[PDB]
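Okay, structure first, notes after.
Chains as they are written, first to last, in the numbering used here: chain A, 1 to 51; chain B, 101 to 151.
As structure tokens, this is what we get:
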């Protein structure tokens, strides 16, 4: 779903846009790796694991 | 000669009628034209605004 824009009054004169963040987005291994690299942002391992 | 003069005068009438016809159809195409200008405004504005 490329969030293109249209610019030229003629054809093909477009732009490409990239928007990817989410609260489940953190350290970019590839994706939400596991409990880490996305979900310390979400789940926050500092409960008692961090003790 | 009177043959040619009379027939030629009525021919001038014929030609002026032709000018009338072509004038009408021409102005019609002028309106068509301006409308299609608005159409291109609506194809740029329907560039999905990109998306």
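We treat Cβ as the ideally placed atom computed from N, Cα and C, and that holds for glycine.
Does the separation of the CB atoms of residue i and residue j fall below 8 Å?
i: residue 28 of chain A; j: residue 41 of chain A; result: no
i: residue 4 of chain A; j: residue 19 of chain A; result: no
i: residue 6 of chain A; j: residue 150 of chain B; result: yes
i: residue 26 of chain A; j: residue 38 of chain A; result: yes
Counting only beta-carbon separations shorter than 8 Å, does residue i have a partner in chain A?
i: residue 144 of chain B; result: yes
i: residue 130 of chain B; result: no
i: residue 147 of chain B; result: yes
i: residue 107 of chain B; result: no
i: residue 124 of chain B; result: no
i: residue 127 of chain B; result: no
i: residue 103 of chain B; result: no
i: residue 150 of chain B; result: yes
Looking only at DSSP bridge pairs, what is residue i linked to?
i: residue 15 of chain A; result: A/5
I'd like to know if residue i contacts chain B, where contact means its C-beta is closer than 8 Å to some C-beta of that chain.
i: residue 50 of chain A; result: no
i: residue 3 of chain A; result: yes
i: residue 9 of chain A; result: yes
For this session: Could you say if the stretch 102-120 of chain B and the stretch 33-49 of chain A meet the contact criterion of at least three C-beta pairs nearer than 8 Å?
Result: These segments do not touch.
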